[PDB]
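1. Kindly generate the corresponding structure for this input.
(3 chains)
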Amino acid sequence: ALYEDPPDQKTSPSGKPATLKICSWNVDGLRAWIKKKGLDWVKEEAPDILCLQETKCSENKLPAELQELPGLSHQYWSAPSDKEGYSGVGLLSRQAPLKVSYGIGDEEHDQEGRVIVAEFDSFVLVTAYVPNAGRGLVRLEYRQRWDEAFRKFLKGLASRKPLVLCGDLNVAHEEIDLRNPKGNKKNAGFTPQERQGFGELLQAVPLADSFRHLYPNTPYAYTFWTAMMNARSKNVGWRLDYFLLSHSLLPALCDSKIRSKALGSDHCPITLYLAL
DNA sequence: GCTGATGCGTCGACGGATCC
DNA sequence: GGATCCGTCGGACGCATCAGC
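-> Residues are numbered from 1 along each chain as shown, chains lettered A, B, ... in the order given. Shown next is the structure:
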């Protein structure tokens, strides 16, 4: 029922040590999260790259603390065009990315502030906040439109350069990736359609599920728990937040964590260790 | 202009039907 | 009544907007 994450494995299968520490994290409000001491946690995790989801902040109103980070000088933000207070991703890197695109190059799917590409010397990092399917599955057909457009996008981008996809992808792939699989076959985030899109993306590109690639049988491994019904303490959660790697990066994979003791948000941080 | 009130977006506990 | 399968619904958040001062 409860979960304890394994010790950090900082050496690749080949014995090579880790060189990249990417940490992604849905903050459920960037200003509330900072008020909840989120960055004191981040400073201790000391990532090379910090990716953020559901910032719900405009580049104007960013808190000041976001400056007091001397290890992640290069910070790239992203918000919905229409209206304040929704969605919105961030990406903070220690070193300057060669390039920084935004969105998946598709007018329909870029208005909401969900995707940030970031090209590096040996790979490209995409951090995402995939559109939720919504209560009542009222936004479910949008999400399918998006799934295929995002699959097609990333497939292309992994042609050109090894791909690291991370962030809240808002589906739980298998029954194992959530606490209550049956009572949610029709909930946003575990529909047949959401689950098959992900499965399709996993192999069409192709991408590997960093965590389940090293811990393919370990359940109760959760990145999100709801805040209505005591779920986090009881460990009733979903695995909504991923690291998907091109198979080329698989020999470089040291470990993939789920830092479940870190509060600040209804999600918890997930860290990737890649030896590049 | 300030301040709370109400809203929008983001599911597991409970109870009722059913076959045994 | 007890096991399973399914349907509804109160309820927590962080944000914005808006009515009432």
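
2. DNA strand C contacts on chain A?
-> Within chain A, the positions adjacent to DNA strand C are A:28-33, A:56-58, A:61, A:83-85, A:182-183, A:186, A:227-229 by CB under 7 Å from any atom of the strand. For the C-beta atoms, the positions are set from N, CA and C on the backbone; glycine is no exception.

3. let's see it at 6 Å
-> A:28-32, A:56, A:84-85, A:182-183, A:227-229 (CB under 6 Å from any atom of the strand).

4. buried subset of those?
-> For these, a burial check counting by 16 or more other CB atoms under 10 Å picks out A:28, A:29, A:30, A:56.

5. closest to residue A:259 among those?
-> Nearest to residue A:259, judged by CB to CB, of those is residue A:28 at 15.3 Å.

6. Can you name every helix or strand that the lengthiest helix in chain A contacts?
-> If you go by DSSP state H, chain A has its longest helix at helix A:140-160. When contacts are defined as 3 or more CB pairs under 8 Å, 6 or more residues apart in numbering; DSSP states H and E, helix A:140-160 packs onto strand A:124-129, strand A:163-168, helix A:192-204.

7. Swap in 10 Å and give it another go.
-> Packed against helix A:140-160 by the contact rule (3 or more CB pairs under 10 Å, 6 or more residues apart in numbering; DSSP states H and E) you find strand A:115-119, strand A:124-129, strand A:163-168, helix A:192-204, strand A:207-209, strand A:241-246.

8. Kindly state which of these is positioned closest to residue A:151.
-> Smallest distance to residue A:151 across the helices and strands packed on helix A:140-160 (CB to CB): 4.4 Å, for helix A:192-204.

9. on contacts alone, who are the packing partners of that closest one?
-> Helices and strands touching helix A:192-204, by 3+ CB pairs under 10 Å, 6+ apart, are helix A:140-160, strand A:207-209, strand A:241-246.

10. What residues sit buried inside the helix or strand just after the shortest one?
-> Yep, that's strand A:207-209 we're talking about. Counting by DSSP states H and E, the element after strand A:207-209 in chain order, helix or strand, is helix A:210-214. Residues of helix A:210-214 classed as buried: A:210, A:211, A:212, A:214 (neighbour count, 16+ other CB under 10 Å).

11. Please consider this matter closed, and thank you.
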